[PDB]
$ cat protein28.cif   # mmCIF, N, CA, C and O atoms and all ligand atoms
data_structure
loop_
_atom_site.group_PDB
_atom_site.id
_atom_site.type_symbol
_atom_site.label_atom_id
_atom_site.label_comp_id
_atom_site.auth_asym_id
_atom_site.auth_seq_id
_atom_site.Cartn_x
_atom_site.Cartn_y
_atom_site.Cartn_z
ATOM 1 N N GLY D 1 139.011 57.305 44.075
ATOM 2 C CA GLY D 1 137.737 57.879 44.463
ATOM 3 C C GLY D 1 136.713 57.827 43.347
ATOM 4 O O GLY D 1 136.675 58.709 42.489
ATOM 5 N N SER D 2 135.881 56.791 43.356
ATOM 6 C CA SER D 2 134.855 56.624 42.334
ATOM 7 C C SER D 2 133.461 56.787 42.931
ATOM 8 O O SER D 2 132.803 55.806 43.277
ATOM 9 N N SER D 3 133.016 58.034 43.049
ATOM 10 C CA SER D 3 131.702 58.327 43.608
ATOM 11 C C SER D 3 131.160 59.646 43.062
ATOM 12 O O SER D 3 131.890 60.630 42.952
ATOM 13 N N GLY D 4 129.875 59.656 42.723
ATOM 14 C CA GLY D 4 129.257 60.857 42.192
ATOM 15 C C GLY D 4 127.750 60.736 42.084
ATOM 16 O O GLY D 4 127.239 60.012 41.229
ATOM 17 N N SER D 5 127.037 61.442 42.956
ATOM 18 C CA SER D 5 125.579 61.405 42.957
ATOM 19 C C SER D 5 125.002 62.700 42.393
ATOM 20 O O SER D 5 125.688 63.719 42.322
ATOM 21 N N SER D 6 123.736 62.650 41.991
ATOM 22 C CA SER D 6 123.066 63.817 41.429
ATOM 23 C C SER D 6 121.603 63.863 41.857
ATOM 24 O O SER D 6 120.997 62.833 42.148
ATOM 25 N N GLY D 7 121.041 65.067 41.896
ATOM 26 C CA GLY D 7 119.653 65.227 42.291
ATOM 27 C C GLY D 7 119.098 66.588 41.920
ATOM 28 O O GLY D 7 119.793 67.407 41.320
ATOM 29 N N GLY D 8 117.840 66.829 42.276
ATOM 30 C CA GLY D 8 117.212 68.101 41.967
ATOM 31 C C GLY D 8 115.941 68.327 42.761
ATOM 32 O O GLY D 8 115.717 67.682 43.785
ATOM 33 N N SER D 9 115.107 69.249 42.289
ATOM 34 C CA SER D 9 113.854 69.563 42.965
ATOM 35 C C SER D 9 112.780 68.533 42.627
ATOM 36 O O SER D 9 112.169 67.944 43.516
ATOM 37 N N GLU D 10 112.558 68.324 41.333
ATOM 38 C CA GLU D 10 111.558 67.365 40.875
ATOM 39 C C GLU D 10 111.949 66.772 39.526
ATOM 40 O O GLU D 10 112.407 67.484 38.632
ATOM 41 N N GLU D 11 111.767 65.462 39.386
ATOM 42 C CA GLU D 11 112.103 64.773 38.146
ATOM 43 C C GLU D 11 111.454 65.461 36.948
ATOM 44 O O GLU D 11 110.259 65.303 36.701
ATOM 45 N N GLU D 12 112.252 66.225 36.207
ATOM 46 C CA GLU D 12 111.754 66.938 35.037
ATOM 47 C C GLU D 12 112.680 66.733 33.841
ATOM 48 O O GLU D 12 113.612 67.508 33.626
ATOM 49 N N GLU D 13 112.416 65.685 33.068
ATOM 50 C CA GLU D 13 113.226 65.378 31.895
ATOM 51 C C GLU D 13 112.792 66.219 30.698
ATOM 52 O O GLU D 13 112.735 65.729 29.570
ATOM 53 N N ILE D 14 112.486 67.486 30.954
ATOM 54 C CA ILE D 14 112.057 68.395 29.898
ATOM 55 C C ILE D 14 113.231 69.208 29.362
ATOM 56 O O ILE D 14 114.044 69.741 30.116
ATOM 57 N N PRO D 15 113.322 69.307 28.027
ATOM 58 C CA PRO D 15 114.392 70.056 27.360
ATOM 59 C C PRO D 15 114.257 71.561 27.560
ATOM 60 O O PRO D 15 113.191 72.057 27.925
ATOM 61 N N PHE D 16 115.346 72.284 27.320
ATOM 62 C CA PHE D 16 115.350 73.735 27.475
ATOM 63 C C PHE D 16 115.460 74.426 26.119
ATOM 64 O O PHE D 16 114.860 75.477 25.895
ATOM 65 N N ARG D 17 116.233 73.828 25.218
ATOM 66 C CA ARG D 17 116.423 74.386 23.884
ATOM 67 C C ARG D 17 116.251 73.311 22.815
ATOM 68 O O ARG D 17 116.273 72.116 23.112
ATOM 69 N N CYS D 18 116.081 73.744 21.570
ATOM 70 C CA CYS D 18 115.905 72.820 20.457
ATOM 71 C C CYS D 18 117.126 71.920 20.297
ATOM 72 O O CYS D 18 118.208 72.229 20.797
ATOM 73 N N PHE D 19 116.945 70.803 19.599
ATOM 74 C CA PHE D 19 118.031 69.857 19.375
ATOM 75 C C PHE D 19 118.425 69.821 17.901
ATOM 76 O O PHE D 19 119.575 69.536 17.562
ATOM 77 N N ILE D 20 117.464 70.109 17.031
ATOM 78 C CA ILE D 20 117.710 70.111 15.595
ATOM 79 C C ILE D 20 118.644 71.248 15.198
ATOM 80 O O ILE D 20 119.465 71.105 14.290
ATOM 81 N N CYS D 21 118.517 72.378 15.884
ATOM 82 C CA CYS D 21 119.351 73.542 15.606
ATOM 83 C C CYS D 21 120.195 73.910 16.823
ATOM 84 O O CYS D 21 121.145 74.686 16.720
ATOM 85 N N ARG D 22 119.842 73.346 17.974
ATOM 86 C CA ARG D 22 120.566 73.615 19.210
ATOM 87 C C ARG D 22 120.426 75.080 19.614
ATOM 88 O O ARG D 22 121.355 75.674 20.158
ATOM 89 N N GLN D 23 119.257 75.654 19.345
ATOM 90 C CA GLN D 23 118.997 77.048 19.679
ATOM 91 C C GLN D 23 117.777 77.172 20.587
ATOM 92 O O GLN D 23 117.098 76.184 20.867
ATOM 93 N N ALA D 24 117.506 78.391 21.043
ATOM 94 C CA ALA D 24 116.368 78.642 21.918
ATOM 95 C C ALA D 24 115.063 78.205 21.260
ATOM 96 O O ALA D 24 114.766 78.591 20.130
ATOM 97 N N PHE D 25 114.288 77.397 21.975
ATOM 98 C CA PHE D 25 113.015 76.906 21.461
ATOM 99 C C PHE D 25 112.152 78.058 20.953
ATOM 100 O O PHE D 25 111.674 78.879 21.734
ATOM 101 N N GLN D 26 111.959 78.109 19.639
ATOM 102 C CA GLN D 26 111.156 79.161 19.027
ATOM 103 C C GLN D 26 109.843 78.600 18.489
ATOM 104 O O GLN D 26 109.810 77.981 17.427
ATOM 105 N N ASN D 27 108.763 78.822 19.232
ATOM 106 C CA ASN D 27 107.447 78.337 18.831
ATOM 107 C C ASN D 27 107.435 76.815 18.729
ATOM 108 O O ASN D 27 107.041 76.239 17.716
ATOM 109 N N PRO D 28 107.878 76.148 19.806
ATOM 110 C CA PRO D 28 107.927 74.683 19.863
ATOM 111 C C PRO D 28 106.537 74.059 19.925
ATOM 112 O O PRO D 28 105.633 74.592 20.568
ATOM 113 N N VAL D 29 106.373 72.925 19.250
ATOM 114 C CA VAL D 29 105.093 72.226 19.229
ATOM 115 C C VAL D 29 105.229 70.812 19.784
ATOM 116 O O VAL D 29 106.203 70.115 19.501
ATOM 117 N N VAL D 30 104.246 70.395 20.574
ATOM 118 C CA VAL D 30 104.256 69.062 21.167
ATOM 119 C C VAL D 30 103.609 68.043 20.237
ATOM 120 O O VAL D 30 102.538 68.285 19.680
ATOM 121 N N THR D 31 104.267 66.899 20.073
ATOM 122 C CA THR D 31 103.757 65.841 19.209
ATOM 123 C C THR D 31 103.274 64.649 20.027
ATOM 124 O O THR D 31 103.372 64.644 21.255
ATOM 125 N N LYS D 32 102.752 63.639 19.340
ATOM 126 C CA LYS D 32 102.255 62.439 20.002
ATOM 127 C C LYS D 32 103.380 61.715 20.732
ATOM 128 O O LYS D 32 103.145 61.015 21.719
ATOM 129 N N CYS D 33 104.604 61.886 20.242
ATOM 130 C CA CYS D 33 105.766 61.249 20.849
ATOM 131 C C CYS D 33 106.251 62.042 22.059
ATOM 132 O O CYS D 33 107.345 61.805 22.572
ATOM 133 N N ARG D 34 105.430 62.984 22.511
ATOM 134 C CA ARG D 34 105.775 63.813 23.660
ATOM 135 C C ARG D 34 107.103 64.527 23.435
ATOM 136 O O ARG D 34 107.969 64.542 24.312
ATOM 137 N N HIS D 35 107.260 65.118 22.255
ATOM 138 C CA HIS D 35 108.485 65.834 21.915
ATOM 139 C C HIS D 35 108.170 67.240 21.412
ATOM 140 O O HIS D 35 107.049 67.522 20.989
ATOM 141 N N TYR D 36 109.166 68.117 21.462
ATOM 142 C CA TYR D 36 108.994 69.494 21.014
ATOM 143 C C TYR D 36 110.005 69.843 19.925
ATOM 144 O O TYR D 36 111.128 69.339 19.920
ATOM 145 N N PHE D 37 109.596 70.710 19.004
ATOM 146 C CA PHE D 37 110.465 71.127 17.910
ATOM 147 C C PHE D 37 110.058 72.502 17.387
ATOM 148 O O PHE D 37 108.871 72.816 17.291
ATOM 149 N N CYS D 38 111.052 73.318 17.052
ATOM 150 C CA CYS D 38 110.800 74.660 16.540
ATOM 151 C C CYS D 38 109.792 74.626 15.396
ATOM 152 O O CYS D 38 109.948 73.865 14.441
ATOM 153 N N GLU D 39 108.759 75.455 15.500
ATOM 154 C CA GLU D 39 107.724 75.519 14.474
ATOM 155 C C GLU D 39 108.334 75.413 13.078
ATOM 156 O O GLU D 39 107.713 74.886 12.156
ATOM 157 N N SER D 40 109.556 75.918 12.933
ATOM 158 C CA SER D 40 110.250 75.885 11.651
ATOM 159 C C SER D 40 110.921 74.533 11.433
ATOM 160 O O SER D 40 110.862 73.966 10.341
ATOM 161 N N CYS D 41 111.561 74.021 12.479
ATOM 162 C CA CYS D 41 112.247 72.736 12.403
ATOM 163 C C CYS D 41 111.257 71.607 12.130
ATOM 164 O O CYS D 41 111.513 70.728 11.308
ATOM 165 N N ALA D 42 110.124 71.640 12.825
ATOM 166 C CA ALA D 42 109.095 70.622 12.656
ATOM 167 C C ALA D 42 108.577 70.598 11.222
ATOM 168 O O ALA D 42 108.418 69.531 10.626
ATOM 169 N N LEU D 43 108.314 71.779 10.673
ATOM 170 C CA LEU D 43 107.812 71.893 9.308
ATOM 171 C C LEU D 43 108.895 71.529 8.298
ATOM 172 O O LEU D 43 108.679 70.704 7.412
ATOM 173 N N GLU D 44 110.062 72.149 8.440
ATOM 174 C CA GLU D 44 111.180 71.889 7.540
ATOM 175 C C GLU D 44 111.539 70.406 7.533
ATOM 176 O O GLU D 44 111.601 69.776 6.477
ATOM 177 N N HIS D 45 111.774 69.854 8.720
ATOM 178 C CA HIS D 45 112.127 68.445 8.850
ATOM 179 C C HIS D 45 111.038 67.554 8.261
ATOM 180 O O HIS D 45 111.325 66.606 7.530
ATOM 181 N N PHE D 46 109.787 67.866 8.583
ATOM 182 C CA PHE D 46 108.654 67.094 8.086
ATOM 183 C C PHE D 46 108.721 66.944 6.569
ATOM 184 O O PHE D 46 108.452 65.871 6.028
ATOM 185 N N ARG D 47 109.080 68.028 5.889
ATOM 186 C CA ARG D 47 109.181 68.018 4.435
ATOM 187 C C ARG D 47 110.097 66.893 3.961
ATOM 188 O O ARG D 47 109.686 66.032 3.183
ATOM 189 N N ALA D 48 111.339 66.909 4.434
ATOM 190 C CA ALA D 48 112.311 65.890 4.060
ATOM 191 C C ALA D 48 111.913 64.523 4.607
ATOM 192 O O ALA D 48 111.784 63.555 3.856
ATOM 193 N N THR D 49 111.720 64.450 5.920
ATOM 194 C CA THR D 49 111.338 63.202 6.568
ATOM 195 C C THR D 49 110.004 63.344 7.292
ATOM 196 O O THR D 49 109.837 64.182 8.178
ATOM 197 N N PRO D 50 109.029 62.505 6.909
ATOM 198 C CA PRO D 50 107.693 62.518 7.510
ATOM 199 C C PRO D 50 107.699 62.009 8.948
ATOM 200 O O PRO D 50 106.671 62.020 9.625
ATOM 201 N N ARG D 51 108.864 61.563 9.407
ATOM 202 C CA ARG D 51 109.003 61.049 10.765
ATOM 203 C C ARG D 51 109.654 62.087 11.674
ATOM 204 O O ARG D 51 109.990 63.188 11.238
ATOM 205 N N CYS D 52 109.828 61.729 12.942
ATOM 206 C CA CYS D 52 110.437 62.628 13.915
ATOM 207 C C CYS D 52 111.947 62.708 13.711
ATOM 208 O O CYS D 52 112.525 61.923 12.957
ATOM 209 N N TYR D 53 112.580 63.660 14.387
ATOM 210 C CA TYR D 53 114.022 63.844 14.278
ATOM 211 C C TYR D 53 114.746 63.178 15.444
ATOM 212 O O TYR D 53 115.958 62.966 15.397
ATOM 213 N N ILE D 54 113.993 62.847 16.488
ATOM 214 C CA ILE D 54 114.561 62.202 17.666
ATOM 215 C C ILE D 54 114.113 60.748 17.765
ATOM 216 O O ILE D 54 114.938 59.838 17.848
ATOM 217 N N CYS D 55 112.801 60.536 17.755
ATOM 218 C CA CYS D 55 112.242 59.193 17.844
ATOM 219 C C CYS D 55 111.981 58.620 16.453
ATOM 220 O O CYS D 55 111.658 57.441 16.307
ATOM 221 N N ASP D 56 112.125 59.463 15.436
ATOM 222 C CA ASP D 56 111.906 59.040 14.057
ATOM 223 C C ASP D 56 110.627 58.217 13.937
ATOM 224 O O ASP D 56 110.630 57.130 13.362
ATOM 225 N N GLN D 57 109.537 58.745 14.485
ATOM 226 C CA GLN D 57 108.251 58.057 14.439
ATOM 227 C C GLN D 57 107.326 58.700 13.410
ATOM 228 O O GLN D 57 107.487 59.862 13.034
ATOM 229 N N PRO D 58 106.334 57.928 12.944
ATOM 230 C CA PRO D 58 105.363 58.402 11.953
ATOM 231 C C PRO D 58 104.413 59.448 12.526
ATOM 232 O O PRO D 58 103.308 59.125 12.965
ATOM 233 N N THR D 59 104.847 60.704 12.517
ATOM 234 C CA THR D 59 104.037 61.797 13.037
ATOM 235 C C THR D 59 102.756 61.964 12.227
ATOM 236 O O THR D 59 101.696 62.260 12.777
ATOM 237 N N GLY D 60 102.860 61.771 10.915
ATOM 238 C CA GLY D 60 101.701 61.903 10.052
ATOM 239 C C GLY D 60 101.255 63.343 9.897
ATOM 240 O O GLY D 60 100.061 63.625 9.812
ATOM 241 N N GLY D 61 102.218 64.260 9.862
ATOM 242 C CA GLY D 61 101.898 65.668 9.718
ATOM 243 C C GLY D 61 101.061 66.192 10.867
ATOM 244 O O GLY D 61 100.170 67.019 10.668
ATOM 245 N N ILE D 62 101.343 65.709 12.072
ATOM 246 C CA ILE D 62 100.608 66.134 13.256
ATOM 247 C C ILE D 62 101.496 66.949 14.192
ATOM 248 O O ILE D 62 102.651 66.598 14.431
ATOM 249 N N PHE D 63 100.947 68.038 14.718
ATOM 250 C CA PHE D 63 101.688 68.904 15.628
ATOM 251 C C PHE D 63 100.737 69.705 16.512
ATOM 252 O O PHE D 63 99.811 70.350 16.022
ATOM 253 N N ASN D 64 100.974 69.658 17.820
ATOM 254 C CA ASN D 64 100.138 70.379 18.774
ATOM 255 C C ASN D 64 100.917 71.515 19.430
ATOM 256 O O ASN D 64 102.120 71.419 19.670
ATOM 257 N N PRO D 65 100.214 72.618 19.726
ATOM 258 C CA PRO D 65 100.819 73.794 20.359
ATOM 259 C C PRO D 65 101.212 73.535 21.810
ATOM 260 O O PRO D 65 100.352 73.390 22.679
ATOM 261 N N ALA D 66 102.514 73.478 22.065
ATOM 262 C CA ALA D 66 103.020 73.238 23.410
ATOM 263 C C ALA D 66 103.194 74.548 24.172
ATOM 264 O O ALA D 66 104.136 74.705 24.950
ATOM 265 N N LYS D 67 102.281 75.485 23.945
ATOM 266 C CA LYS D 67 102.332 76.781 24.610
ATOM 267 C C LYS D 67 102.434 76.613 26.123
ATOM 268 O O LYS D 67 103.137 77.368 26.793
ATOM 269 N N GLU D 68 101.729 75.619 26.652
ATOM 270 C CA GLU D 68 101.742 75.352 28.086
ATOM 271 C C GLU D 68 103.154 75.033 28.567
ATOM 272 O O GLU D 68 103.563 75.453 29.650
ATOM 273 N N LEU D 69 103.895 74.286 27.755
ATOM 274 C CA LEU D 69 105.261 73.909 28.097
ATOM 275 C C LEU D 69 106.139 75.144 28.274
ATOM 276 O O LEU D 69 106.888 75.250 29.245
ATOM 277 N N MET D 70 106.039 76.075 27.332
ATOM 278 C CA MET D 70 106.821 77.304 27.387
ATOM 279 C C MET D 70 106.459 78.125 28.621
ATOM 280 O O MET D 70 107.335 78.647 29.310
ATOM 281 N N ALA D 71 105.163 78.234 28.894
ATOM 282 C CA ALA D 71 104.685 78.989 30.046
ATOM 283 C C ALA D 71 105.426 78.582 31.315
ATOM 284 O O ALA D 71 106.036 79.414 31.986
ATOM 285 N N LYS D 72 105.369 77.294 31.640
ATOM 286 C CA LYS D 72 106.035 76.774 32.829
ATOM 287 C C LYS D 72 107.446 77.338 32.953
ATOM 288 O O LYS D 72 107.844 77.813 34.018
ATOM 289 N N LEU D 73 108.197 77.287 31.858
ATOM 290 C CA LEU D 73 109.564 77.795 31.845
ATOM 291 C C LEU D 73 109.625 79.210 32.411
ATOM 292 O O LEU D 73 110.386 79.485 33.338
ATOM 293 N N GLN D 74 108.818 80.102 31.847
ATOM 294 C CA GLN D 74 108.779 81.489 32.297
ATOM 295 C C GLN D 74 108.664 81.565 33.815
ATOM 296 O O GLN D 74 108.245 80.608 34.467
ATOM 297 N N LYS D 75 109.040 82.710 34.376
ATOM 298 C CA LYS D 75 108.979 82.914 35.818
ATOM 299 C C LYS D 75 107.548 82.773 36.328
ATOM 300 O O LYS D 75 107.289 82.047 37.287
ATOM 301 N N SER D 76 106.622 83.471 35.677
ATOM 302 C CA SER D 76 105.218 83.426 36.067
ATOM 303 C C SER D 76 104.788 81.997 36.381
ATOM 304 O O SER D 76 104.551 81.648 37.537
ATOM 305 N N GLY D 77 104.687 81.172 35.343
ATOM 306 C CA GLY D 77 104.285 79.790 35.528
ATOM 307 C C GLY D 77 103.093 79.413 34.672
ATOM 308 O O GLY D 77 103.219 79.147 33.476
ATOM 309 N N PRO D 78 101.902 79.385 35.288
ATOM 310 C CA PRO D 78 100.659 79.036 34.593
ATOM 311 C C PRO D 78 100.229 80.113 33.601
ATOM 312 O O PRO D 78 100.666 81.260 33.687
ATOM 313 N N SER D 79 99.371 79.734 32.660
ATOM 314 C CA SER D 79 98.884 80.666 31.649
ATOM 315 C C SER D 79 97.365 80.793 31.713
ATOM 316 O O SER D 79 96.641 80.053 31.046
ATOM 317 N N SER D 80 96.890 81.736 32.520
ATOM 318 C CA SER D 80 95.457 81.958 32.675
ATOM 319 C C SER D 80 95.087 83.392 32.308
ATOM 320 O O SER D 80 94.927 84.246 33.179
ATOM 321 N N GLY D 81 94.952 83.647 31.009
ATOM 322 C CA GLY D 81 94.601 84.978 30.548
ATOM 323 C C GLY D 81 93.112 85.244 30.624
ATOM 324 O O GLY D 81 92.719 86.351 30.992
HETATM 325 ZN ZN ZN W 101 115.114 74.095 16.000
HETATM 326 ZN ZN ZN W 102 109.562 62.423 18.527
#
$ encode --input "protein28.cif" --output "structure tokens"
Amino acid sequence: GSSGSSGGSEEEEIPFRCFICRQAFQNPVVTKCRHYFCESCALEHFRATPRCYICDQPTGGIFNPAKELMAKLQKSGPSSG
């Protein structure tokens, strides 16, 4: 018996927790490579390696607030304060 299918609600290849520490995303920031990293991991890692930890790309000390990403996760959803 060689059969096994998978599915879901909507194609969402979005992570749930950090990968550098494998812990709950704490103040994750979105980069040009469309990736997220703990405000601490991004800074710490950046120090040693100026590139990414997953795509190992030239970030150039760039980091954007992925606050919107976290919001979606929460039950509420959108962030309209
Ligand atoms: Zn981390
Ligand atoms: Zn990356």
$ resolve_selection --input "protein28.cif" --expression "the PyMOL selection byres (((chain D and resi 69 and name CA) around 12) and not hetatm and name CA)" --output "list in words"
residues 12, 14, 15, 16, 17, 25, 27, 28, 29, 30, 34, 35, 36, 37, 64, 65, 66, 67, 68, 70, 71, 72, 73, 74, 77, 78 and 79 of chain D
$ atom_distance --input "protein28.cif" --atom1 "CA of residue 75 (chain D)" --atom2 "CA of residue 32 (chain D)"
26.7 Å
$ select_by_dssp --input "protein28.cif" --residues "region 4-69 of chain D" --states "strand (DSSP E)" --output "list in words"
residues 28, 29, 30, 36, 37, 38, 64 and 65 of chain D
$ write_last_selection --input "protein28.cif" --atoms "N, CA, C and O atoms" --output "short mmCIF file (atom, residue, chain, number, x, y, z; two decimals), in the frame of the given file"
data_model
loop_
_atom_site.label_atom_id
_atom_site.label_comp_id
_atom_site.auth_asym_id
_atom_site.auth_seq_id
_atom_site.Cartn_x
_atom_site.Cartn_y
_atom_site.Cartn_z
N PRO D 28 107.88 76.15 19.81
CA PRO D 28 107.93 74.68 19.86
C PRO D 28 106.54 74.06 19.92
O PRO D 28 105.63 74.59 20.57
N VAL D 29 106.37 72.92 19.25
CA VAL D 29 105.09 72.23 19.23
C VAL D 29 105.23 70.81 19.78
O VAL D 29 106.20 70.11 19.50
N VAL D 30 104.25 70.40 20.57
CA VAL D 30 104.26 69.06 21.17
C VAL D 30 103.61 68.04 20.24
O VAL D 30 102.54 68.28 19.68
N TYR D 36 109.17 68.12 21.46
CA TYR D 36 108.99 69.49 21.01
C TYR D 36 110.00 69.84 19.92
O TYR D 36 111.13 69.34 19.92
N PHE D 37 109.60 70.71 19.00
CA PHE D 37 110.46 71.13 17.91
C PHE D 37 110.06 72.50 17.39
O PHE D 37 108.87 72.82 17.29
N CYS D 38 111.05 73.32 17.05
CA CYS D 38 110.80 74.66 16.54
C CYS D 38 109.79 74.63 15.40
O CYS D 38 109.95 73.86 14.44
N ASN D 64 100.97 69.66 17.82
CA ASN D 64 100.14 70.38 18.77
C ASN D 64 100.92 71.52 19.43
O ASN D 64 102.12 71.42 19.67
N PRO D 65 100.21 72.62 19.73
CA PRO D 65 100.82 73.79 20.36
C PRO D 65 101.21 73.54 21.81
O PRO D 65 100.35 73.39 22.68
#
$ select_by_dssp --input "protein28.cif" --residues "chain D" --states "helix (DSSP H, G or I)" --output "PyMOL selection string"
chain D and resi 39-48+67-73
$ write_last_selection --input "protein28.cif" --atoms "N, CA, C and O atoms" --output "compact mmCIF listing (two decimals), keeping the file's coordinate frame"
# COMPACT_ATOMS: atom_id res chain seq x y z
N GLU D 39 108.76 75.46 15.50
CA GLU D 39 107.72 75.52 14.47
C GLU D 39 108.33 75.41 13.08
O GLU D 39 107.71 74.89 12.16
N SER D 40 109.56 75.92 12.93
CA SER D 40 110.25 75.89 11.65
C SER D 40 110.92 74.53 11.43
O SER D 40 110.86 73.97 10.34
N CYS D 41 111.56 74.02 12.48
CA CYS D 41 112.25 72.74 12.40
C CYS D 41 111.26 71.61 12.13
O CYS D 41 111.51 70.73 11.31
N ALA D 42 110.12 71.64 12.82
CA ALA D 42 109.10 70.62 12.66
C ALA D 42 108.58 70.60 11.22
O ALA D 42 108.42 69.53 10.63
N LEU D 43 108.31 71.78 10.67
CA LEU D 43 107.81 71.89 9.31
C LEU D 43 108.90 71.53 8.30
O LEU D 43 108.68 70.70 7.41
N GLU D 44 110.06 72.15 8.44
CA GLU D 44 111.18 71.89 7.54
C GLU D 44 111.54 70.41 7.53
O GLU D 44 111.60 69.78 6.48
N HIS D 45 111.77 69.85 8.72
CA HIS D 45 112.13 68.44 8.85
C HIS D 45 111.04 67.55 8.26
O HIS D 45 111.32 66.61 7.53
N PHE D 46 109.79 67.87 8.58
CA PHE D 46 108.65 67.09 8.09
C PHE D 46 108.72 66.94 6.57
O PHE D 46 108.45 65.87 6.03
N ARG D 47 109.08 68.03 5.89
CA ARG D 47 109.18 68.02 4.43
C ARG D 47 110.10 66.89 3.96
O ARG D 47 109.69 66.03 3.18
N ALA D 48 111.34 66.91 4.43
CA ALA D 48 112.31 65.89 4.06
C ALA D 48 111.91 64.52 4.61
O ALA D 48 111.78 63.56 3.86
N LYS D 67 102.28 75.48 23.94
CA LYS D 67 102.33 76.78 24.61
C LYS D 67 102.43 76.61 26.12
O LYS D 67 103.14 77.37 26.79
N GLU D 68 101.73 75.62 26.65
CA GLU D 68 101.74 75.35 28.09
C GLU D 68 103.15 75.03 28.57
O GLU D 68 103.56 75.45 29.65
N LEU D 69 103.90 74.29 27.76
CA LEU D 69 105.26 73.91 28.10
C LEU D 69 106.14 75.14 28.27
O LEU D 69 106.89 75.25 29.24
N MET D 70 106.04 76.08 27.33
CA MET D 70 106.82 77.30 27.39
C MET D 70 106.46 78.12 28.62
O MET D 70 107.34 78.65 29.31
N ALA D 71 105.16 78.23 28.89
CA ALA D 71 104.68 78.99 30.05
C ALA D 71 105.43 78.58 31.32
O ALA D 71 106.04 79.41 31.99
N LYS D 72 105.37 77.29 31.64
CA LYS D 72 106.04 76.77 32.83
C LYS D 72 107.45 77.34 32.95
O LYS D 72 107.84 77.81 34.02
N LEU D 73 108.20 77.29 31.86
CA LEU D 73 109.56 77.80 31.84
C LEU D 73 109.62 79.21 32.41
O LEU D 73 110.39 79.48 33.34
$ closest_residue --input "protein28.cif" --among "D:33, D:62, D:48, D:38" --to "ligand ZN 101 (chain W)" --atoms "only C-alpha atoms and all ligand atoms"
D:38
$ residues_near_ligand --input "protein28.cif" --ligand "ligand ZN 101 (chain W)" --cutoff "6 Å" --atoms "only N, CA, C and O atoms and all ligand atoms" --output "PyMOL selection string"
chain D and resi 18-23+37-38+41
$ write_last_selection --input "protein28.cif" --atoms "N, CA, C and O atoms" --output "mmCIF file, in the coordinates of the input"
data_model
loop_
_atom_site.group_PDB
_atom_site.id
_atom_site.type_symbol
_atom_site.label_atom_id
_atom_site.label_comp_id
_atom_site.auth_asym_id
_atom_site.auth_seq_id
_atom_site.Cartn_x
_atom_site.Cartn_y
_atom_site.Cartn_z
ATOM 1 N N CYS D 18 116.081 73.744 21.570
ATOM 2 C CA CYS D 18 115.905 72.820 20.457
ATOM 3 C C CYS D 18 117.126 71.920 20.297
ATOM 4 O O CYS D 18 118.208 72.229 20.797
ATOM 5 N N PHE D 19 116.945 70.803 19.599
ATOM 6 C CA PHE D 19 118.031 69.857 19.375
ATOM 7 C C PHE D 19 118.425 69.821 17.901
ATOM 8 O O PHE D 19 119.575 69.536 17.562
ATOM 9 N N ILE D 20 117.464 70.109 17.031
ATOM 10 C CA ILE D 20 117.710 70.111 15.595
ATOM 11 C C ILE D 20 118.644 71.248 15.198
ATOM 12 O O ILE D 20 119.465 71.105 14.290
ATOM 13 N N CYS D 21 118.517 72.378 15.884
ATOM 14 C CA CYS D 21 119.351 73.542 15.606
ATOM 15 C C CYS D 21 120.195 73.910 16.823
ATOM 16 O O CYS D 21 121.145 74.686 16.720
ATOM 17 N N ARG D 22 119.842 73.346 17.974
ATOM 18 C CA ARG D 22 120.566 73.615 19.210
ATOM 19 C C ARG D 22 120.426 75.080 19.614
ATOM 20 O O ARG D 22 121.355 75.674 20.158
ATOM 21 N N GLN D 23 119.257 75.654 19.345
ATOM 22 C CA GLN D 23 118.997 77.048 19.679
ATOM 23 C C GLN D 23 117.777 77.172 20.587
ATOM 24 O O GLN D 23 117.098 76.184 20.867
ATOM 25 N N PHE D 37 109.596 70.710 19.004
ATOM 26 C CA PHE D 37 110.465 71.127 17.910
ATOM 27 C C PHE D 37 110.058 72.502 17.387
ATOM 28 O O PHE D 37 108.871 72.816 17.291
ATOM 29 N N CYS D 38 111.052 73.318 17.052
ATOM 30 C CA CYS D 38 110.800 74.660 16.540
ATOM 31 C C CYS D 38 109.792 74.626 15.396
ATOM 32 O O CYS D 38 109.948 73.865 14.441
ATOM 33 N N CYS D 41 111.561 74.021 12.479
ATOM 34 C CA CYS D 41 112.247 72.736 12.403
ATOM 35 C C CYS D 41 111.257 71.607 12.130
ATOM 36 O O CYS D 41 111.513 70.728 11.308
#
$ residues_near_ligand --input "protein28.cif" --ligand "ligand ZN 102 (chain W)" --cutoff "7 Å" --atoms "only C-alpha atoms and all ligand atoms" --output "number ranges by chain"
D: 31, 33-35, 52-57
$ atom_distance --input "protein28.cif" --atom1 "CA of residue 61 (chain D)" --atom2 "CA of residue 46 (chain D)"
7.1 Å
$ atom_distance --input "protein28.cif" --atom1 "CA of residue 43 (chain D)" --atom2 "CA of residue 58 (chain D)"
14.0 Å
$ axis_aligned_box --input "protein28.cif" --around "region 12-19 of chain D" --padding-each-side "4 Å" --output "lines of an AutoDock Vina configuration file"
center_x = 115.7
center_y = 70.4
center_z = 26.9
size_x = 15.8
size_y = 18.1
size_z = 26.6
